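All remarks here apply to the structure that follows.
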Amino acid sequence: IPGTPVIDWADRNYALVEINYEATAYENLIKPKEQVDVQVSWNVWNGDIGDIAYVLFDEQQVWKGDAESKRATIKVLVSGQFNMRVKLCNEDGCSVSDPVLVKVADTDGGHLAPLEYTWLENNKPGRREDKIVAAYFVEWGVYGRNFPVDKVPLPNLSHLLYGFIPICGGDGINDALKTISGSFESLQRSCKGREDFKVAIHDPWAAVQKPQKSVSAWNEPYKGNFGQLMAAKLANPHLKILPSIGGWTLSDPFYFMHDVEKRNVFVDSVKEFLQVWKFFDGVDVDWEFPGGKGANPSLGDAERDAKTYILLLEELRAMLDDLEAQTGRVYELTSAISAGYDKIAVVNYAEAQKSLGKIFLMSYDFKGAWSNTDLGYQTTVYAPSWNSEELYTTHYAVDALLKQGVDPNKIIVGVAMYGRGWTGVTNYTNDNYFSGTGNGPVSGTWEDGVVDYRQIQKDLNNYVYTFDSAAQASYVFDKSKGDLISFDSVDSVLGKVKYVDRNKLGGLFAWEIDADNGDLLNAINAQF
Ligand SMILES: CC(=S)N[C@H]1[C@H](O[C@@H]2[C@H](O)[C@H]3N[C@@H](C)S[C@H]3O[C@@H]2CO)O[C@H](CO)[C@@H](O)[C@@H]1O
Ligand SMILES: CC(=O)N[C@@H]1[C@@H](O)[C@H](O)[C@@H](CO)O[C@H]1O
Ligand SMILES: CC(=O)N[C@@H]1[C@@H](O)[C@H](O)[C@@H](CO)O[C@H]1O
Ligand SMILES: CC(=O)N[C@@H]1[C@@H](O)[C@H](O)[C@@H](CO)O[C@H]1O
Ligand SMILES: [Cl-]
């Protein structure tokens with residue numbers, strides 16, 4: 001037999017998409033690869049080098065050539081781990097080297113181990129399987145909120161909506177980000193060298209760079225939120241993850257997509273974003289809002305956005321159909337819309353529903369601390385008891401879609417895992433505190449005027465709970481400091497379940513998943 005081969009030592013951790021953990025811009029953050037080249041070299045002891053040389057990736061041939069070269073380069077196209085051996089053969093016999101393990105990494109998670117969700121707080125099995133149970137995961141939730149992916153109750157979720165995927169752009173294209181200090185500049189340095197109207201990542205640190213659970217290794221190819229979501233889909237194979245493009249602050253570049261086809265600069269970037277990051281399962285368009293009303297009041301055009309919103313979905317659906325035939329997968333195209341009738345009337349969803357698979361009806365933020373005069377329910381199914389035709393309700397918004405011809409199976413009702421409130425509510429009659437006028441926003445968890453549902457339960461004995469069984473809404477009041485907060489309790493959410501049940505609505509989605517302590521998500525998945 002030929003000499004025993006000894007594979008020389010080298011790093012055999014390969015990645016089909018390299019990640020530069022020192023970069024800030026998106027174009028220098030990632031390095032997608034056509035292929036990866038597994039290199040192997042060896043030396044020969046105990047005899048000659050043999051006549052022919054083989055390389056084995058499971059005791060099955062993957063390479064052959066000259067044994068004099070003592071080197072082999074193997075093209076690998078798919079991720080995975082395998083043992084590589086060098087097998088020198090000749091007329092006598094064959095010698096087999098000691099195996100080494102090679103790792104080929106890719107965003108499909110083939111190199112990762114399942115990241116199972118350990119049940120925290122009050123979350124308990126199981127999941128509502130015949131209805132859509134979605135939730136929004138915030139990208140910035142790993143900082144002060146301290147809520148990484150390993151805390152997300154994925155076993156009780158059918159969709160995990162990652163918000164938000166930004167659109168590159170400077171002055172005039174993302175002025176809404178200037179409302180938040182440092183948020184606009186973070187997008188500029190993330191789009192360095194990348195020019196406008198292309199998708200990117202707002203913060204590459206928390207997304208793919210920040211060390212987290214099950215992705216804390218020093219040579220970890222993918223960390224952050226993206227790395228955990230790869231391993232999470234293995235522990236939760238039912239789970240489907242969608243990238244949310246836009247949001248409240250990142251919706252400004254949508255208004256400009258009436259032009260030539262910066263849409264293509266958008267869509268073609270979306271098509272590469274989904275094959276670079278394979279753990280996503282479609283696209284979610286969160287244009288807020290078609291026809292103005294957004295974070296930037298300067299933008300808006302009634303029947304320009306109404307057609308642009310249609311053309312955007314038609315071309316995205318056609319682009320996803322190409323991915324479906326090229327990858328063999330199914331890709332979804334969803335969109336979150338406002339629950340305001342004055343805003344639903346702008347877009348004709350009878351035409352949009354043939355490109356959208358589901359519609360996330362944002363049935364919240366009806367009332368807020370932005371107006372001390374217009375006090376009311378932030379989220380509710382029906383009209384309040386003290387005002388029996390508020391048109392900003394979940395019921396009126398659902399019927400508004402139905403009148404247009406929207407299928408009820410495609411309608412997803414929004415659950416608010418938080419609460420907006422006012423402080424120092426004064427000048428009111430009776431014991432109804434919504435007829436009065438507040439004096440400023442209530443003290444909030446992370447932002448004043450908004451309180452997470454979890455903190456509401458902690459401070460529950462500082463308020464007086466009240467459920468409006470006519471409107472299917474809840475609120476709390478504290479006469480000491482005049483704190484009146486409207487939110488979604490277990491009662492109101494359970495009322496939303498039956499409104500979804502045999503009005504034949506698709507399901508429920510919530511914002512945001514980190515603010516729940518297990519009560520709200522369990523009520524969504526209640527089997528009746
Ligand atoms: C108090 C909070 S959480 N405000 C964040 C805000 O608005 C979100 C969200 O962007 C908007 N899009 C749908 C998915 S839900 C709908 O309402 C939510 C809260 O009202 O979004 C911006 C970023 O766009 C955050 O900076 C705010 O903290
Ligand atoms: C970046 C890295 O992890 N490099 C190598 C790895 O390829 C190898 O599998 C391991 C043990 O052989 O030793 C590491 O130093
Ligand atoms: C990307 C991921 O994590 N898992 C996908 C899965 O969603 C898909 O159904 C399947 C079909 O090819 O391919 C896997 O790689
Ligand atoms: C400064 C501020 O809080 N603005 C809020 C925003 O947070 C919220 O997402 C949106 C809902 O439509 O309503 C705006 O008025
Ligand atoms: Cl390579």
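Details
- Taking (1) farther than 30 Å from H111 by Cα; (2) surrounded by fewer than 18 Cβ atoms within 10 Å (Cβ to Cβ); (3) small (G, A, S) in turn, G246 satisfies each apart from (2).
- Hey, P297 in a loop (DSSP other than H, G, I, E, B) and under 12 Å from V346 (Cβ atoms) or not: no
- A206 vs. criteria closer than 30 Å to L508 by Cβ, within 14 Å of the chain's Cα centre (by Cα) and within 16 Å of ligand 1 (Cβ to nearest atom): yes
- Only one of the numbered conditions (1) in contact (Cβ under 8 Å) with a residue 40 or more places away in the chain; (2) within 16 Å of ligand 5 (Cβ to nearest atom); (3) crowded, with 19+ Cβ neighbours inside 10 Å; (4) not aromatic (F, W, Y) is violated by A72, and that is (1).
- Taking the conditions (1) more than 20 Å from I241 (Cα to Cα); (2) buried (at least 18 other Cβ atoms within 10 Å of the Cβ); (3) out of contact with any strand residue (DSSP E or B) (no Cβ under 8 Å at 6 or more places or on another chain) in turn, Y54 satisfies each one other than (3).
- Exactly one residue out of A23, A53 is in a loop (DSSP other than H, G, I, E, B) and away from ligand 1 (no atom under 16 Å from the Cβ), and it is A23.
- Test: residue in the range 309-320 that is away from ligand 3 (no atom under 16 Å from the Cβ) and either without any contact (Cβ under 8 Å) to a residue 24 or more places away in the chain or in contact with a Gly (Cβ under 8 Å, 6 or more places away or on another chain) (or both): yes
- Breaking point among (1) touching a residue at least 24 places away in the same chain (Cβ under 8 Å); (2) under 20 Å from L521 (Cα atoms); (3) of a type in the set (D, E, K, R), for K458: (1)
- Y364 being under 21 Å from the mean Cα position of the chain (by Cα), hydroxyl-bearing (S, T, Y) and buried (at least 18 other Cβ atoms within 10 Å of the Cβ): yes
Every residue, every condition in (1) within 16 Å of ligand 5 (Cβ to nearest atom); (2) more than 30 Å from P408 (Cα to Cα); (3) in the same structural domain as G444 (by CATH), yes or no:
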site: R85; (1), (2), (3): no, yes, no
site: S97; (1), (2), (3): no, yes, no
site: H111; (1), (2), (3): yes, yes, no
site: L120; (1), (2), (3): no, yes, no
site: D130; (1), (2), (3): no, no, no
site: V138; (1), (2), (3): no, no, no
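- Number of the exception - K33 against (1) more than 16 Å from ligand 3 (Cβ to nearest atom); (2) surrounded by 16 or more Cβ atoms within 10 Å (Cβ to Cβ): (2)
- Of all residues in the range 409-430, those being buried (at least 24 other Cβ atoms within 10 Å of the Cβ), in contact (Cβ under 8 Å) with a residue 60 or more places away in the chain, of a type outside the set (K, R) and within 19 Å of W370 (Cβ to Cβ) number 6.
- Just one of the numbered conditions (1) more than 17 Å from the chain's Cα centre (by Cα); (2) without any contact (Cβ under 8 Å) to a residue 40 or more places away in the chain; (3) not in a helix (DSSP H, G or I) is not true of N146: (1).
- Residue list for the range 75-130, restricted to those being of a type in the set (G, A, S) and under 22 Å from the mean Cα position of the chain (by Cα): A105, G109, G110, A113, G126
- Note on the range 437-484: residues that are more than 20 Å from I513 (Cβ to Cβ) and among the β-branched types (V, I, T) total 5.
All of this is worked out from the model, or read from it or from the source named; these are not laboratory values. Because the Cβ atoms are built from the backbone with ideal geometry, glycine has one as well, and the counts that use them run over all protein chains shown.
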